[PDB]
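Q: For reference, the structure I am asking about is given below.
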Amino acid sequence: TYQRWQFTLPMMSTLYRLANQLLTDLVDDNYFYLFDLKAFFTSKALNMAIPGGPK
Amino acid sequence: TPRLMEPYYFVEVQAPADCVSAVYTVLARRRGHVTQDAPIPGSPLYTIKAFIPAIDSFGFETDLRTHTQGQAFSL
């Protein structure tokens with residue numbers, strides 16, 4: 001039925017090395033500061049625009 | 001000859017070695033001055049110790065965390 005999976009750690013290392021283009025080089029949530037879902041909801045409720053954010 | 005006096009905050013900023021010049025850029029427009037720039041032993045992050053006027057300190061943390069792409073942090 002092909003529902004659950006578990007791998008070994010060199011397999012995960014190789015699949016993480018091959019996928020280096022579709023992934024980001026971020027390490028922590030110090031990025032997305034005032035640029036996440038809750039800040040966008042706050043800018044939605046206050047009817048203001050973040051520079052780079054939606055309108 | 002009476003004069004007025006304002007409070008000055010002491011500010012310590014934890015930041016990577018690249019955004020230090022951006023910290024010098026941001027503190028330049030809020031009438032402050034950097035007193036100490038010191039590397040942390042055993043860590044690549046630096047510490048910037050400065051004095052700032054308290055009336056200029058509104059939105060200061062937000063200015064650093066916006067201008068240094070969220071890498072610097074201040075108290």
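Chain identifiers are assigned as A, B, and so on, following the order in which chains appear in the structure tokens; residues are numbered from 1 within each chain, and ligands are numbered from 1 in order of appearance.
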For chain A versus chain B, which residues have an atom no more than 9 Å away, and what is each residue's nearest atom pair and distance in Å rounded to one decimal, using only C-alpha atoms, chain-then-number order, as CSV?

A:
```
residue,atom,partner,partner_atom,distance
A:29,CA,B:70,CA,8.9
A:30,CA,B:70,CA,5.3
A:31,CA,B:70,CA,5.6
A:32,CA,B:70,CA,7.8
A:33,CA,B:70,CA,6.2
A:34,CA,B:66,CA,8.4
```

Q: Convert the current residue selection to file output with N, CA, C and O atoms, as a PDB file, in the first residue's frame.

A:
```pdb
ATOM      1  N   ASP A  29      15.095  30.791  12.470  1.00  0.00           N
ATOM      2  CA  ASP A  29      13.968  31.688  12.243  1.00  0.00           C
ATOM      3  C   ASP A  29      14.275  33.132  12.622  1.00  0.00           C
ATOM      4  O   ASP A  29      13.348  33.901  12.912  1.00  0.00           O
ATOM      5  N   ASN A  30      15.552  33.519  12.653  1.00  0.00           N
ATOM      6  CA  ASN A  30      15.894  34.937  12.664  1.00  0.00           C
ATOM      7  C   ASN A  30      15.646  35.572  11.310  1.00  0.00           C
ATOM      8  O   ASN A  30      15.478  36.792  11.216  1.00  0.00           O
ATOM      9  N   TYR A  31      15.625  34.758  10.263  1.00  0.00           N
ATOM     10  CA  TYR A  31      15.022  35.154   9.004  1.00  0.00           C
ATOM     11  C   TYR A  31      13.501  35.147   9.172  1.00  0.00           C
ATOM     12  O   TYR A  31      12.975  34.691  10.191  1.00  0.00           O
ATOM     13  N   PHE A  32      12.799  35.675   8.164  1.00  0.00           N
ATOM     14  CA  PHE A  32      11.351  35.902   8.148  1.00  0.00           C
ATOM     15  C   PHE A  32      10.884  36.821   9.272  1.00  0.00           C
ATOM     16  O   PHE A  32       9.727  36.734   9.694  1.00  0.00           O
ATOM     17  N   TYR A  33      11.747  37.695   9.784  1.00  0.00           N
ATOM     18  CA  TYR A  33      11.331  38.590  10.856  1.00  0.00           C
ATOM     19  C   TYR A  33      10.488  39.715  10.280  1.00  0.00           C
ATOM     20  O   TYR A  33      10.910  40.391   9.335  1.00  0.00           O
ATOM     21  N   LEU A  34       9.284  39.880  10.843  1.00  0.00           N
ATOM     22  CA  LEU A  34       8.197  40.699  10.292  1.00  0.00           C
ATOM     23  C   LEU A  34       7.843  40.293   8.859  1.00  0.00           C
ATOM     24  O   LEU A  34       7.361  41.113   8.076  1.00  0.00           O
TER      25      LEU A  34
END
```

Q: Env of residue B:27: 9 Å cut, atoms = only C-alpha atoms, seq-sep filter 4 positions within chain, self excluded. Answer as a PyMOL selection string.

A: chain B and resi 22-23+31-34+50+52+60+64

Q: List the spatial neighbours of residue A:49 as a short mmCIF file (atom, residue, chain, number, x, y, z; two decimals) with N, CA and C atoms, in the first residue's frame - criterion: any atom at most 12 Å away, only C-alpha atoms, same-chain residues fewer than 4 positions off excluded.

A:
```cif
data_model
loop_
_atom_site.label_atom_id
_atom_site.label_comp_id
_atom_site.auth_asym_id
_atom_site.auth_seq_id
_atom_site.Cartn_x
_atom_site.Cartn_y
_atom_site.Cartn_z
N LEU A 34 9.28 39.88 10.84
CA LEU A 34 8.20 40.70 10.29
C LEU A 34 7.84 40.29 8.86
N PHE A 35 8.07 39.03 8.50
CA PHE A 35 7.80 38.57 7.15
C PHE A 35 7.23 37.15 7.19
N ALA A 39 2.84 38.31 11.20
CA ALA A 39 3.06 39.70 10.84
C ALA A 39 2.19 40.10 9.65
N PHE A 40 1.96 39.16 8.73
CA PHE A 40 1.08 39.44 7.59
C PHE A 40 -0.37 39.54 8.04
N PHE A 41 -0.77 38.74 9.03
CA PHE A 41 -2.12 38.86 9.59
C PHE A 41 -2.28 40.17 10.35
N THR A 42 -1.23 40.62 11.04
CA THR A 42 -1.28 41.89 11.75
C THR A 42 -1.35 43.06 10.77
N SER A 43 -0.62 42.98 9.65
CA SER A 43 -0.70 44.02 8.64
C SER A 43 -2.04 43.97 7.90
N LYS A 44 -2.65 42.78 7.83
CA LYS A 44 -4.00 42.64 7.30
C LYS A 44 -5.01 43.35 8.19
N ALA A 45 -4.90 43.15 9.51
CA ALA A 45 -5.89 43.71 10.42
C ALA A 45 -5.73 45.22 10.60
N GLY A 53 5.72 43.04 1.23
CA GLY A 53 4.59 42.20 1.57
C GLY A 53 3.38 42.49 0.70
N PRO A 54 2.31 41.73 0.91
CA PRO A 54 1.12 41.89 0.07
C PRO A 54 0.31 43.12 0.45
N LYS A 55 -0.72 43.39 -0.36
CA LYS A 55 -1.63 44.50 -0.15
C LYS A 55 -3.06 43.96 -0.10
#
```

Q: Write out as a list in words all residues of stretch 3-43 of chain A that backbone DSSP assigns to alpha helix (DSSP H).

A: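 Listing alpha helix (DSSP H) positions across stretch 3-43 of chain A yields residues 9, 10, 11, 12, 13, 14, 15, 16, 17, 18, 37, 38, 39, 40, 41, 42 and 43 of chain A.
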
Q: I'd like the contact shell of residue B:46 - 9 Å cut-off, only C-alpha atoms, skipping same-chain residues fewer than 3 positions apart - returned as JSON, numbers by chain.

A: {"B": [13, 14, 15, 16, 17, 20, 37, 38, 39, 40, 43]}

Q: Would you put the residues from that selection into a file with N, CA, C and O atoms, as a CSV table (one decimal), in the first residue's frame?

A:
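Just written: selection_24.csv:
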```
chain,number,residue,atom,x,y,z
B,13,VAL,N,25.0,44.9,21.1
B,13,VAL,CA,24.5,44.3,19.9
B,13,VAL,C,25.3,43.0,19.6
B,13,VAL,O,26.5,43.1,19.4
B,14,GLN,N,24.6,41.9,19.4
B,14,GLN,CA,25.2,40.6,19.0
B,14,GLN,C,24.9,40.4,17.5
B,14,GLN,O,23.8,40.4,17.1
B,15,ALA,N,26.0,40.3,16.7
B,15,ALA,CA,25.8,40.3,15.3
B,15,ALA,C,27.0,39.6,14.6
B,15,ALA,O,28.1,39.4,15.2
B,16,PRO,N,26.7,39.0,13.4
B,16,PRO,CA,27.8,38.5,12.6
B,16,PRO,C,28.8,39.5,12.2
B,16,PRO,O,28.6,40.7,12.3
B,17,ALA,N,30.0,39.1,11.6
B,17,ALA,CA,31.1,40.0,11.3
B,17,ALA,C,30.8,40.9,10.1
B,17,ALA,O,31.5,41.9,9.9
B,20,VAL,N,28.4,44.4,10.8
B,20,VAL,CA,28.9,45.3,11.8
B,20,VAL,C,29.0,46.7,11.2
B,20,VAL,O,28.6,47.7,11.8
B,37,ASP,N,34.0,47.6,20.1
B,37,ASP,CA,33.7,46.6,19.1
B,37,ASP,C,34.7,45.4,19.5
B,37,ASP,O,35.9,45.6,19.3
B,38,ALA,N,34.1,44.3,19.9
B,38,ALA,CA,35.0,43.2,20.4
B,38,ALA,C,34.5,41.9,19.9
B,38,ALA,O,33.3,41.6,19.9
B,39,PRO,N,35.4,41.1,19.4
B,39,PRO,CA,35.0,39.7,19.0
B,39,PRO,C,34.8,38.8,20.2
B,39,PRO,O,35.5,39.0,21.3
B,40,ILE,N,33.9,37.9,20.1
B,40,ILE,CA,33.6,36.9,21.2
B,40,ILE,C,34.7,35.8,21.0
B,40,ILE,O,34.8,35.3,19.9
B,43,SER,N,33.6,32.2,19.2
B,43,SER,CA,32.4,32.4,18.5
B,43,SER,C,32.7,33.4,17.3
B,43,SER,O,33.4,34.4,17.5
```
